[PDB]
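Please read the structure below before turning to the comments.
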Amino acid sequence: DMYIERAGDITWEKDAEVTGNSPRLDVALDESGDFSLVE
Amino acid sequence: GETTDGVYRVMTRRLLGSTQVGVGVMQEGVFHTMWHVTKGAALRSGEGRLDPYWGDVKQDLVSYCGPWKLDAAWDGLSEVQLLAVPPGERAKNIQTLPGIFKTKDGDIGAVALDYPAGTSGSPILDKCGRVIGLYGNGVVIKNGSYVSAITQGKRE
Ligand SMILES: O=C(Nc1ccc2c(c1)CNC2)c1cccc2[nH]cnc12
């Protein structure tokens with residue numbers, strides 16, 4: 001049995017850690033809601 | 001129970017100790033999370049109970065207490081913030097420029113940040129603090145890393 005606990009406010013924070021790249025990927029979405037790589 | 005707006009952890013005591021299986025957004029009295037986090041099961045909020053209202057396995061989304069309320073969209077140009085809520089760790093904002101998932105039915109924004117599976121449901125925000133989608137449904141690239149879509153529901 002599942003339960004919820006508050007973790008914080010939803011706010012934009014100035015000067016946050018800027019990381020991660022921006023890749024363009026060819027994907028397919030199936031009926032089970034799972035993505036896969038199309039190549 | 002607690003229905004204040006904000007980000008929340010989704011916990012379970014069924015396994016060893018207390019385990020974080022996901023995260024969610026409380027907005028306008030509705031709890032929003034990813035389908036694979038809860039499988040549509042009822043949730044507990046203190047003494048209160050949250051019952052599922054809408055859900056879809058293909059979109060991988062589910063809402064509790066009412067219809068899906070989140071309807072902001074990524075503008076296709078600006079940086080966003082993943083408000084990551086990792087298991088056992090403090091909520092933390094991570095700024096990134098999203099990539100693109102190209103599909104046969106159009107393009108979707110995608111954030112390339114690798115977090116544990118228990119981080120699923122963590123909101124992705126625009127500069128106004130509005131939730132433009134949830135993190136936790138994507139793909140595993142050649143590197144072994146995870147790249148999640150910016151998954152957004154429909155506000156009826
Ligand atoms: O596996 C993940 N997500 C997921 C699981 C089950 C299902 C779906 C998505 C959609 N259909 C059912 C995941 C989420 C977040 C970070 C991750 N790192 C490695 N895998 C993940």
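In the structure tokens, each chain is lettered A, B, ... as it comes, each chain's residues begin at 1, and ligands are numbered from 1 in order of appearance.
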Using only C-alpha atoms, select each residue of chain B with any atom at most 7 Å away from an atom of chain A, and give the selection as an mmCIF file with N, CA and C atoms, in the first residue's frame.
data_model
loop_
_atom_site.group_PDB
_atom_site.id
_atom_site.type_symbol
_atom_site.label_atom_id
_atom_site.label_comp_id
_atom_site.auth_asym_id
_atom_site.auth_seq_id
_atom_site.Cartn_x
_atom_site.Cartn_y
_atom_site.Cartn_z
ATOM 1 N N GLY B 6 2.411 21.391 -4.397
ATOM 2 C CA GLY B 6 3.826 21.084 -4.237
ATOM 3 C C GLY B 6 4.208 19.729 -4.792
ATOM 4 N N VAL B 7 5.490 19.390 -4.690
ATOM 5 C CA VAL B 7 5.993 18.110 -5.168
ATOM 6 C C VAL B 7 6.002 17.133 -3.980
ATOM 7 N N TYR B 8 5.669 15.862 -4.216
ATOM 8 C CA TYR B 8 5.575 14.849 -3.164
ATOM 9 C C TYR B 8 6.281 13.569 -3.596
ATOM 10 N N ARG B 9 6.742 12.785 -2.637
ATOM 11 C CA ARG B 9 7.338 11.485 -2.901
ATOM 12 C C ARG B 9 6.231 10.437 -2.817
ATOM 13 N N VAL B 10 6.339 9.380 -3.614
ATOM 14 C CA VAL B 10 5.436 8.243 -3.613
ATOM 15 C C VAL B 10 6.190 7.076 -2.978
ATOM 16 N N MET B 11 5.772 6.688 -1.790
ATOM 17 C CA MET B 11 6.451 5.664 -1.009
ATOM 18 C C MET B 11 5.654 4.367 -0.875
ATOM 19 N N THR B 12 6.344 3.262 -0.572
ATOM 20 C CA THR B 12 5.686 1.996 -0.295
ATOM 21 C C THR B 12 6.382 1.280 0.871
ATOM 22 N N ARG B 13 5.603 0.662 1.751
ATOM 23 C CA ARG B 13 6.167 -0.133 2.849
ATOM 24 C C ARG B 13 6.061 -1.661 2.586
ATOM 25 N N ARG B 14 5.605 -2.062 1.380
ATOM 26 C CA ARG B 14 5.421 -3.456 0.966
ATOM 27 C C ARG B 14 6.750 -4.185 0.842
ATOM 28 N N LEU B 43 -3.875 5.710 -3.254
ATOM 29 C CA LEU B 43 -2.769 6.250 -2.473
ATOM 30 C C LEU B 43 -3.262 6.735 -1.118
ATOM 31 N N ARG B 44 -2.368 6.810 -0.159
ATOM 32 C CA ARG B 44 -2.691 7.277 1.171
ATOM 33 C C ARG B 44 -1.987 8.620 1.414
ATOM 34 N N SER B 45 -2.675 9.588 2.011
ATOM 35 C CA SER B 45 -2.064 10.875 2.334
ATOM 36 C C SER B 45 -2.362 11.133 3.798
ATOM 37 N N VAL B 57 -2.137 4.056 -19.992
ATOM 38 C CA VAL B 57 -0.850 3.354 -20.029
ATOM 39 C C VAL B 57 0.052 3.881 -21.149
ATOM 40 N N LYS B 58 -0.523 4.240 -22.305
ATOM 41 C CA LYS B 58 0.299 4.710 -23.433
ATOM 42 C C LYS B 58 0.900 6.086 -23.175
ATOM 43 N N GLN B 59 0.128 7.011 -22.594
ATOM 44 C CA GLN B 59 0.665 8.320 -22.194
ATOM 45 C C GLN B 59 1.572 8.206 -20.950
ATOM 46 N N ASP B 60 1.384 7.121 -20.162
ATOM 47 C CA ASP B 60 2.065 6.807 -18.913
ATOM 48 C C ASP B 60 1.715 7.841 -17.855
ATOM 49 N N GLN B 81 13.845 23.382 -16.003
ATOM 50 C CA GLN B 81 14.388 22.844 -14.780
ATOM 51 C C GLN B 81 13.704 21.537 -14.412
ATOM 52 N N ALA B 91 14.999 17.518 -2.529
ATOM 53 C CA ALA B 91 14.505 18.007 -3.818
ATOM 54 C C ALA B 91 15.540 19.012 -4.358
ATOM 55 N N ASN B 93 16.742 21.420 -8.036
ATOM 56 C CA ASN B 93 16.499 21.914 -9.392
ATOM 57 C C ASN B 93 17.729 21.755 -10.268
ATOM 58 N N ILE B 94 17.573 21.155 -11.443
ATOM 59 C CA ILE B 94 18.660 20.954 -12.388
ATOM 60 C C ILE B 94 18.277 21.606 -13.711
ATOM 61 N N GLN B 95 19.035 22.610 -14.144
ATOM 62 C CA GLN B 95 18.734 23.319 -15.385
ATOM 63 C C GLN B 95 19.344 22.641 -16.602
ATOM 64 N N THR B 96 18.566 22.466 -17.677
ATOM 65 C CA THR B 96 19.069 21.809 -18.879
ATOM 66 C C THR B 96 18.392 22.344 -20.125
ATOM 67 N N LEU B 97 19.022 22.171 -21.300
ATOM 68 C CA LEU B 97 18.346 22.520 -22.541
ATOM 69 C C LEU B 97 17.841 21.199 -23.088
ATOM 70 N N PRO B 98 16.520 21.051 -23.273
ATOM 71 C CA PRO B 98 16.006 19.770 -23.769
ATOM 72 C C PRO B 98 16.361 19.475 -25.213
ATOM 73 N N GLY B 99 16.453 18.193 -25.496
ATOM 74 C CA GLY B 99 16.616 17.646 -26.825
ATOM 75 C C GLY B 99 15.247 17.380 -27.428
ATOM 76 N N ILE B 100 15.183 16.498 -28.432
ATOM 77 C CA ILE B 100 13.943 16.200 -29.132
ATOM 78 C C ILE B 100 13.794 14.701 -29.389
ATOM 79 N N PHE B 101 12.616 14.147 -29.118
ATOM 80 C CA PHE B 101 12.259 12.793 -29.510
ATOM 81 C C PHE B 101 11.454 12.995 -30.802
ATOM 82 N N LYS B 102 11.922 12.492 -31.959
ATOM 83 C CA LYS B 102 11.160 12.609 -33.206
ATOM 84 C C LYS B 102 10.368 11.331 -33.341
ATOM 85 N N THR B 103 9.020 11.413 -33.405
ATOM 86 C CA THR B 103 8.156 10.230 -33.557
ATOM 87 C C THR B 103 7.321 10.328 -34.852
ATOM 88 N N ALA B 112 17.875 15.123 -21.038
ATOM 89 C CA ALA B 112 18.929 14.129 -20.920
ATOM 90 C C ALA B 112 19.622 14.237 -19.580
ATOM 91 N N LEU B 113 18.963 13.731 -18.534
ATOM 92 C CA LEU B 113 19.490 13.744 -17.179
ATOM 93 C C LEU B 113 19.242 12.346 -16.614
ATOM 94 N N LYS B 127 10.516 28.803 -17.010
ATOM 95 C CA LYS B 127 11.009 29.925 -16.194
ATOM 96 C C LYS B 127 9.941 30.543 -15.274
ATOM 97 N N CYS B 128 8.652 30.311 -15.576
ATOM 98 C CA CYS B 128 7.554 30.796 -14.734
ATOM 99 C C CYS B 128 7.196 29.839 -13.579
ATOM 100 N N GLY B 129 7.886 28.709 -13.464
ATOM 101 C CA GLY B 129 7.581 27.717 -12.442
ATOM 102 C C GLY B 129 6.410 26.809 -12.783
ATOM 103 N N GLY B 138 11.149 7.421 -21.040
ATOM 104 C CA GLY B 138 12.013 7.668 -22.169
ATOM 105 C C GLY B 138 12.703 6.438 -22.695
ATOM 106 N N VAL B 139 13.989 6.597 -22.995
ATOM 107 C CA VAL B 139 14.745 5.552 -23.650
ATOM 108 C C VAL B 139 16.189 5.433 -23.112
#
Give me, as CSV, the closest atom pair and its distance (Å, one decimal) for every residue of chain B within a cut-off of 8 Å of ligand 1, counting only C-alpha atoms and all ligand atoms, rows sorted by chain and rising number.
residue,atom,partner,partner_atom_place_in_ligand_line,distance
B:35,CA,ligand 1,12 (C),7.4
B:36,CA,ligand 1,12 (C),4.9
B:37,CA,ligand 1,6 (C),7.7
B:57,CA,ligand 1,11 (N),6.9
B:58,CA,ligand 1,11 (N),7.3
B:60,CA,ligand 1,10 (C),5.6
B:114,CA,ligand 1,18 (N),6.5
B:115,CA,ligand 1,16 (C),5.4
B:116,CA,ligand 1,16 (C),5.2
B:117,CA,ligand 1,15 (C),4.0
B:118,CA,ligand 1,15 (C),6.8
B:119,CA,ligand 1,15 (C),6.2
B:120,CA,ligand 1,15 (C),5.0
B:135,CA,ligand 1,15 (C),6.9
B:136,CA,ligand 1,14 (C),3.9
B:137,CA,ligand 1,9 (C),4.4
B:138,CA,ligand 1,9 (C),6.6
B:139,CA,ligand 1,20 (N),7.6
B:140,CA,ligand 1,19 (C),7.1
B:145,CA,ligand 1,18 (N),7.4
B:146,CA,ligand 1,18 (N),5.3
B:148,CA,ligand 1,15 (C),7.1
List the spatial neighbours of range 64-72 of chain B as a PDB file with N, CA, C and O atoms, in the first residue's frame - criterion: any atom at most 12 Å away, only C-alpha atoms, same-chain residues fewer than 2 positions off excluded.
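As a result, around14.pdb now contains:
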ATOM      1  N   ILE A   4       1.882   9.192   0.203  1.00  0.00           N
ATOM      2  CA  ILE A   4       2.615  10.365  -0.264  1.00  0.00           C
ATOM      3  C   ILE A   4       3.169  11.232   0.891  1.00  0.00           C
ATOM      4  O   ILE A   4       2.579  11.320   1.981  1.00  0.00           O
TER       5      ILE A   4
ATOM      6  N   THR B   3      -3.292  18.276   1.239  1.00  0.00           N
ATOM      7  CA  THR B   3      -3.579  18.557  -0.177  1.00  0.00           C
ATOM      8  C   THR B   3      -2.930  19.876  -0.651  1.00  0.00           C
ATOM      9  O   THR B   3      -3.329  20.416  -1.682  1.00  0.00           O
ATOM     10  N   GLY B  24       5.335  12.914  -7.482  1.00  0.00           N
ATOM     11  CA  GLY B  24       4.153  13.496  -8.098  1.00  0.00           C
ATOM     12  C   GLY B  24       3.924  14.959  -7.780  1.00  0.00           C
ATOM     13  O   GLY B  24       4.568  15.523  -6.884  1.00  0.00           O
ATOM     14  N   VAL B  25       3.009  15.585  -8.519  1.00  0.00           N
ATOM     15  CA  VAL B  25       2.675  17.001  -8.389  1.00  0.00           C
ATOM     16  C   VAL B  25       1.258  17.194  -7.855  1.00  0.00           C
ATOM     17  O   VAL B  25       0.305  16.689  -8.442  1.00  0.00           O
ATOM     18  N   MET B  26       1.110  17.994  -6.799  1.00  0.00           N
ATOM     19  CA  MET B  26      -0.214  18.300  -6.279  1.00  0.00           C
ATOM     20  C   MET B  26      -0.578  19.689  -6.798  1.00  0.00           C
ATOM     21  O   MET B  26       0.147  20.641  -6.521  1.00  0.00           O
ATOM     22  N   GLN B  27      -1.659  19.807  -7.568  1.00  0.00           N
ATOM     23  CA  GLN B  27      -2.087  21.102  -8.069  1.00  0.00           C
ATOM     24  C   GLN B  27      -3.571  21.111  -8.190  1.00  0.00           C
ATOM     25  O   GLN B  27      -4.138  20.204  -8.815  1.00  0.00           O
ATOM     26  N   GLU B  28      -4.216  22.134  -7.616  1.00  0.00           N
ATOM     27  CA  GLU B  28      -5.659  22.321  -7.657  1.00  0.00           C
ATOM     28  C   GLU B  28      -6.429  21.118  -7.108  1.00  0.00           C
ATOM     29  O   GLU B  28      -7.481  20.748  -7.642  1.00  0.00           O
ATOM     30  N   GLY B  29      -5.902  20.530  -6.036  1.00  0.00           N
ATOM     31  CA  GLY B  29      -6.526  19.398  -5.361  1.00  0.00           C
ATOM     32  C   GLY B  29      -6.428  18.076  -6.100  1.00  0.00           C
ATOM     33  O   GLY B  29      -7.121  17.119  -5.737  1.00  0.00           O
ATOM     34  N   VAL B  30      -5.566  18.004  -7.137  1.00  0.00           N
ATOM     35  CA  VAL B  30      -5.376  16.798  -7.941  1.00  0.00           C
ATOM     36  C   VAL B  30      -3.917  16.348  -7.847  1.00  0.00           C
ATOM     37  O   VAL B  30      -3.007  17.177  -7.943  1.00  0.00           O
ATOM     38  N   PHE B  31      -3.689  15.042  -7.636  1.00  0.00           N
ATOM     39  CA  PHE B  31      -2.337  14.515  -7.579  1.00  0.00           C
ATOM     40  C   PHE B  31      -1.995  13.932  -8.941  1.00  0.00           C
ATOM     41  O   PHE B  31      -2.729  13.092  -9.440  1.00  0.00           O
ATOM     42  N   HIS B  32      -0.882  14.369  -9.538  1.00  0.00           N
ATOM     43  CA  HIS B  32      -0.463  13.922 -10.864  1.00  0.00           C
ATOM     44  C   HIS B  32       0.820  13.120 -10.767  1.00  0.00           C
ATOM     45  O   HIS B  32       1.798  13.621 -10.235  1.00  0.00           O
ATOM     46  N   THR B  33       0.852  11.908 -11.334  1.00  0.00           N
ATOM     47  CA  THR B  33       2.086  11.121 -11.348  1.00  0.00           C
ATOM     48  C   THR B  33       2.164  10.276 -12.651  1.00  0.00           C
ATOM     49  O   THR B  33       1.316  10.428 -13.540  1.00  0.00           O
ATOM     50  N   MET B  34       3.200   9.439 -12.792  1.00  0.00           N
ATOM     51  CA  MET B  34       3.295   8.555 -13.948  1.00  0.00           C
ATOM     52  C   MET B  34       2.580   7.236 -13.635  1.00  0.00           C
ATOM     53  O   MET B  34       2.570   6.784 -12.474  1.00  0.00           O
ATOM     54  N   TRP B  35       1.948   6.632 -14.668  1.00  0.00           N
ATOM     55  CA  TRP B  35       1.204   5.394 -14.496  1.00  0.00           C
ATOM     56  C   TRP B  35       2.060   4.270 -13.946  1.00  0.00           C
ATOM     57  O   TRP B  35       1.594   3.535 -13.077  1.00  0.00           O
ATOM     58  N   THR B  38       2.412   3.931  -9.862  1.00  0.00           N
ATOM     59  CA  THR B  38       1.357   3.383  -9.025  1.00  0.00           C
ATOM     60  C   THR B  38       0.580   2.219  -9.620  1.00  0.00           C
ATOM     61  O   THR B  38      -0.131   1.555  -8.877  1.00  0.00           O
ATOM     62  N   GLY B  40      -1.998   2.546 -11.134  1.00  0.00           N
ATOM     63  CA  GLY B  40      -3.369   2.967 -10.896  1.00  0.00           C
ATOM     64  C   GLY B  40      -3.924   2.630  -9.531  1.00  0.00           C
ATOM     65  O   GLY B  40      -5.113   2.818  -9.300  1.00  0.00           O
ATOM     66  N   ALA B  41      -3.085   2.164  -8.599  1.00  0.00           N
ATOM     67  CA  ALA B  41      -3.546   1.822  -7.245  1.00  0.00           C
ATOM     68  C   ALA B  41      -3.929   3.072  -6.423  1.00  0.00           C
ATOM     69  O   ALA B  41      -3.459   4.165  -6.717  1.00  0.00           O
ATOM     70  N   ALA B  42      -4.725   2.895  -5.356  1.00  0.00           N
ATOM     71  CA  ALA B  42      -5.107   3.997  -4.465  1.00  0.00           C
ATOM     72  C   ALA B  42      -3.902   4.448  -3.659  1.00  0.00           C
ATOM     73  O   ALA B  42      -2.999   3.657  -3.419  1.00  0.00           O
ATOM     74  N   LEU B  43      -3.875   5.710  -3.254  1.00  0.00           N
ATOM     75  CA  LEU B  43      -2.769   6.250  -2.473  1.00  0.00           C
ATOM     76  C   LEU B  43      -3.262   6.735  -1.118  1.00  0.00           C
ATOM     77  O   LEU B  43      -4.434   7.047  -0.952  1.00  0.00           O
ATOM     78  N   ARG B  44      -2.368   6.810  -0.159  1.00  0.00           N
ATOM     79  CA  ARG B  44      -2.691   7.277   1.171  1.00  0.00           C
ATOM     80  C   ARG B  44      -1.987   8.620   1.414  1.00  0.00           C
ATOM     81  O   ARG B  44      -0.850   8.793   0.995  1.00  0.00           O
ATOM     82  N   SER B  45      -2.675   9.588   2.011  1.00  0.00           N
ATOM     83  CA  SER B  45      -2.064  10.875   2.334  1.00  0.00           C
ATOM     84  C   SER B  45      -2.362  11.133   3.798  1.00  0.00           C
ATOM     85  O   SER B  45      -3.333  11.813   4.114  1.00  0.00           O
ATOM     86  N   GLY B  48      -6.088  10.326   5.194  1.00  0.00           N
ATOM     87  CA  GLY B  48      -6.909  10.391   3.993  1.00  0.00           C
ATOM     88  C   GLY B  48      -6.554   9.386   2.915  1.00  0.00           C
ATOM     89  O   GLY B  48      -5.509   8.725   2.976  1.00  0.00           O
ATOM     90  N   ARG B  49      -7.426   9.279   1.906  1.00  0.00           N
ATOM     91  CA  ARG B  49      -7.231   8.366   0.787  1.00  0.00           C
ATOM     92  C   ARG B  49      -7.392   9.116  -0.553  1.00  0.00           C
ATOM     93  O   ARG B  49      -8.334   9.885  -0.708  1.00  0.00           O
ATOM     94  N   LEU B  50      -6.514   8.863  -1.524  1.00  0.00           N
ATOM     95  CA  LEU B  50      -6.632   9.462  -2.845  1.00  0.00           C
ATOM     96  C   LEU B  50      -7.015   8.369  -3.820  1.00  0.00           C
ATOM     97  O   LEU B  50      -6.304   7.368  -3.925  1.00  0.00           O
ATOM     98  N   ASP B  51      -8.136   8.529  -4.518  1.00  0.00           N
ATOM     99  CA  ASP B  51      -8.573   7.528  -5.489  1.00  0.00           C
ATOM    100  C   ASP B  51      -8.257   7.982  -6.912  1.00  0.00           C
ATOM    101  O   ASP B  51      -8.362   9.171  -7.224  1.00  0.00           O
ATOM    102  N   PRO B  52      -7.855   7.041  -7.787  1.00  0.00           N
ATOM    103  CA  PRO B  52      -7.579   7.406  -9.183  1.00  0.00           C
ATOM    104  C   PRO B  52      -8.815   7.971  -9.887  1.00  0.00           C
ATOM    105  O   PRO B  52      -9.937   7.599  -9.570  1.00  0.00           O
ATOM    106  N   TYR B  53      -8.616   8.904 -10.813  1.00  0.00           N
ATOM    107  CA  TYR B  53      -9.712   9.561 -11.516  1.00  0.00           C
ATOM    108  C   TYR B  53      -9.555   9.363 -13.023  1.00  0.00           C
ATOM    109  O   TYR B  53     -10.529   9.113 -13.707  1.00  0.00           O
ATOM    110  N   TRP B  54      -8.341   9.497 -13.538  1.00  0.00           N
ATOM    111  CA  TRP B  54      -8.066   9.320 -14.958  1.00  0.00           C
ATOM    112  C   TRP B  54      -6.687   8.703 -15.105  1.00  0.00           C
ATOM    113  O   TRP B  54      -5.800   9.018 -14.335  1.00  0.00           O
ATOM    114  N   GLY B  55      -6.490   7.900 -16.135  1.00  0.00           N
ATOM    115  CA  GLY B  55      -5.177   7.311 -16.401  1.00  0.00           C
ATOM    116  C   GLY B  55      -5.108   6.670 -17.770  1.00  0.00           C
ATOM    117  O   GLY B  55      -6.140   6.340 -18.334  1.00  0.00           O
ATOM    118  N   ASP B  56      -3.900   6.503 -18.312  1.00  0.00           N
ATOM    119  CA  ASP B  56      -3.690   5.949 -19.641  1.00  0.00           C
ATOM    120  C   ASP B  56      -2.273   5.356 -19.677  1.00  0.00           C
ATOM    121  O   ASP B  56      -1.323   6.070 -19.429  1.00  0.00           O
ATOM    122  N   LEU B  61       0.455   8.321 -17.820  1.00  0.00           N
ATOM    123  CA  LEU B  61       0.030   9.323 -16.839  1.00  0.00           C
ATOM    124  C   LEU B  61      -1.193   8.862 -16.054  1.00  0.00           C
ATOM    125  O   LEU B  61      -1.943   7.997 -16.517  1.00  0.00           O
ATOM    126  N   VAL B  62      -1.398   9.444 -14.856  1.00  0.00           N
ATOM    127  CA  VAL B  62      -2.540   9.115 -13.997  1.00  0.00           C
ATOM    128  C   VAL B  62      -2.821  10.332 -13.074  1.00  0.00           C
ATOM    129  O   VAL B  62      -1.910  11.006 -12.654  1.00  0.00           O
ATOM    130  N   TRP B  74       6.506  23.076 -23.241  1.00  0.00           N
ATOM    131  CA  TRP B  74       7.853  23.568 -23.527  1.00  0.00           C
ATOM    132  C   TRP B  74       7.787  24.425 -24.793  1.00  0.00           C
ATOM    133  O   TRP B  74       7.121  24.023 -25.740  1.00  0.00           O
ATOM    134  N   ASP B  75       8.406  25.620 -24.796  1.00  0.00           N
ATOM    135  CA  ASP B  75       8.310  26.499 -25.964  1.00  0.00           C
ATOM    136  C   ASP B  75       9.152  26.045 -27.185  1.00  0.00           C
ATOM    137  O   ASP B  75       9.043  26.650 -28.255  1.00  0.00           O
ATOM    138  N   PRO B 123       8.559  16.769 -11.593  1.00  0.00           N
ATOM    139  CA  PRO B 123       8.144  17.742 -12.614  1.00  0.00           C
ATOM    140  C   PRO B 123       9.280  18.488 -13.310  1.00  0.00           C
ATOM    141  O   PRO B 123      10.331  18.779 -12.732  1.00  0.00           O
ATOM    142  N   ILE B 124       9.018  18.844 -14.562  1.00  0.00           N
ATOM    143  CA  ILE B 124       9.898  19.644 -15.394  1.00  0.00           C
ATOM    144  C   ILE B 124       9.180  20.987 -15.513  1.00  0.00           C
ATOM    145  O   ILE B 124       7.956  21.021 -15.695  1.00  0.00           O
ATOM    146  N   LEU B 125       9.910  22.090 -15.265  1.00  0.00           N
ATOM    147  CA  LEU B 125       9.318  23.421 -15.195  1.00  0.00           C
ATOM    148  C   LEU B 125       9.866  24.405 -16.207  1.00  0.00           C
ATOM    149  O   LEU B 125      11.025  24.326 -16.564  1.00  0.00           O
ATOM    150  N   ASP B 126       9.064  25.417 -16.554  1.00  0.00           N
ATOM    151  CA  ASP B 126       9.494  26.534 -17.383  1.00  0.00           C
ATOM    152  C   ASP B 126       9.983  27.694 -16.450  1.00  0.00           C
ATOM    153  O   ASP B 126       9.851  27.583 -15.224  1.00  0.00           O
ATOM    154  N   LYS B 127      10.516  28.803 -17.010  1.00  0.00           N
ATOM    155  CA  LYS B 127      11.009  29.925 -16.194  1.00  0.00           C
ATOM    156  C   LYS B 127       9.941  30.543 -15.274  1.00  0.00           C
ATOM    157  O   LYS B 127      10.285  31.199 -14.285  1.00  0.00           O
ATOM    158  N   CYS B 128       8.652  30.311 -15.576  1.00  0.00           N
ATOM    159  CA  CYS B 128       7.554  30.796 -14.734  1.00  0.00           C
ATOM    160  C   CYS B 128       7.196  29.839 -13.579  1.00  0.00           C
ATOM    161  O   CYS B 128       6.268  30.127 -12.830  1.00  0.00           O
ATOM    162  N   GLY B 129       7.886  28.709 -13.464  1.00  0.00           N
ATOM    163  CA  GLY B 129       7.581  27.717 -12.442  1.00  0.00           C
ATOM    164  C   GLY B 129       6.410  26.809 -12.783  1.00  0.00           C
ATOM    165  O   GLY B 129       6.010  25.984 -11.960  1.00  0.00           O
ATOM    166  N   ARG B 130       5.846  26.938 -13.995  1.00  0.00           N
ATOM    167  CA  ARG B 130       4.729  26.098 -14.412  1.00  0.00           C
ATOM    168  C   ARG B 130       5.218  24.718 -14.848  1.00  0.00           C
ATOM    169  O   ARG B 130       6.266  24.600 -15.476  1.00  0.00           O
ATOM    170  N   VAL B 131       4.474  23.680 -14.492  1.00  0.00           N
ATOM    171  CA  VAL B 131       4.845  22.317 -14.841  1.00  0.00           C
ATOM    172  C   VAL B 131       4.534  22.029 -16.302  1.00  0.00           C
ATOM    173  O   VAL B 131       3.378  22.014 -16.691  1.00  0.00           O
ATOM    174  N   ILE B 132       5.572  21.857 -17.114  1.00  0.00           N
ATOM    175  CA  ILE B 132       5.438  21.556 -18.545  1.00  0.00           C
ATOM    176  C   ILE B 132       5.457  20.040 -18.843  1.00  0.00           C
ATOM    177  O   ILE B 132       5.300  19.637 -19.998  1.00  0.00           O
ATOM    178  N   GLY B 133       5.607  19.211 -17.812  1.00  0.00           N
ATOM    179  CA  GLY B 133       5.602  17.765 -17.983  1.00  0.00           C
ATOM    180  C   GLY B 133       6.251  17.042 -16.823  1.00  0.00           C
ATOM    181  O   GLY B 133       6.729  17.678 -15.891  1.00  0.00           O
ATOM    182  N   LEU B 134       6.245  15.705 -16.858  1.00  0.00           N
ATOM    183  CA  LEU B 134       6.854  14.866 -15.830  1.00  0.00           C
ATOM    184  C   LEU B 134       7.945  13.991 -16.469  1.00  0.00           C
ATOM    185  O   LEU B 134       7.849  13.577 -17.627  1.00  0.00           O
ATOM    186  N   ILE B 150       9.532  14.837 -22.023  1.00  0.00           N
ATOM    187  CA  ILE B 150       8.843  15.796 -21.182  1.00  0.00           C
ATOM    188  C   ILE B 150       7.383  15.357 -21.392  1.00  0.00           C
ATOM    189  O   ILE B 150       6.787  15.736 -22.405  1.00  0.00           O
ATOM    190  N   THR B 151       6.856  14.448 -20.527  1.00  0.00           N
ATOM    191  CA  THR B 151       5.501  13.899 -20.721  1.00  0.00           C
ATOM    192  C   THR B 151       4.420  14.797 -20.114  1.00  0.00           C
ATOM    193  O   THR B 151       4.386  14.980 -18.905  1.00  0.00           O
ATOM    194  N   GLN B 152       3.530  15.331 -20.944  1.00  0.00           N
ATOM    195  CA  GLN B 152       2.475  16.217 -20.481  1.00  0.00           C
ATOM    196  C   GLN B 152       1.100  15.638 -20.812  1.00  0.00           C
ATOM    197  O   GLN B 152       0.909  15.054 -21.873  1.00  0.00           O
ATOM    198  N   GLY B 153       0.150  15.804 -19.900  1.00  0.00           N
ATOM    199  CA  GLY B 153      -1.212  15.353 -20.126  1.00  0.00           C
ATOM    200  C   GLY B 153      -2.027  16.377 -20.888  1.00  0.00           C
ATOM    201  O   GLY B 153      -1.495  17.348 -21.443  1.00  0.00           O
ATOM    202  N   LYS B 154      -3.330  16.165 -20.924  1.00  0.00           N
ATOM    203  CA  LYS B 154      -4.252  17.067 -21.595  1.00  0.00           C
ATOM    204  C   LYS B 154      -5.208  17.629 -20.537  1.00  0.00           C
ATOM    205  O   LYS B 154      -5.746  16.856 -19.745  1.00  0.00           O
ATOM    206  N   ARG B 155      -5.395  18.962 -20.488  1.00  0.00           N
ATOM    207  CA  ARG B 155      -6.351  19.546 -19.548  1.00  0.00           C
ATOM    208  C   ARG B 155      -7.682  19.663 -20.291  1.00  0.00           C
ATOM    209  O   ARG B 155      -7.792  20.455 -21.227  1.00  0.00           O
ATOM    210  N   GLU B 156      -8.656  18.819 -19.925  1.00  0.00           N
ATOM    211  CA  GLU B 156      -9.989  18.764 -20.529  1.00  0.00           C
ATOM    212  C   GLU B 156     -10.765  20.079 -20.392  1.00  0.00           C
ATOM    213  O   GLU B 156     -11.773  20.266 -21.075  1.00  0.00           O
TER     214      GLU B 156
END
Q | Backbone-only DSSP, strand (DSSP E) members of range 86-153 of chain B, as a VMD selection string | A | chain B and resid 92 to 96 99 to 103 106 to 111 123 to 125 131 to 134 138 to 140 146 to 149
Q | Separation of CA of residue 121 in chain B from CA of residue 92 in chain B, in Å and rounded to one decimal | A |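 A separation of 13.9 Å between them.
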Q: Apply DSSP to the backbone of this structure and, from range 8-129 of chain B, keep only the residues in alpha helix (DSSP H); write these as a ChimeraX atom specification.
A: /B:35-38
Q | Separation of CA of residue 63 in chain B from CA of residue 79 in chain B in Å | A |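 Value for the CA of residue 79 in chain B-CA of residue 63 in chain B distance: 26.6 Å.
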Q) Separation of CA of residue 107 in chain B and CA of residue 78 in chain B, in Å? A)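 Rounded to one decimal, the two atoms are 15.7 Å apart.
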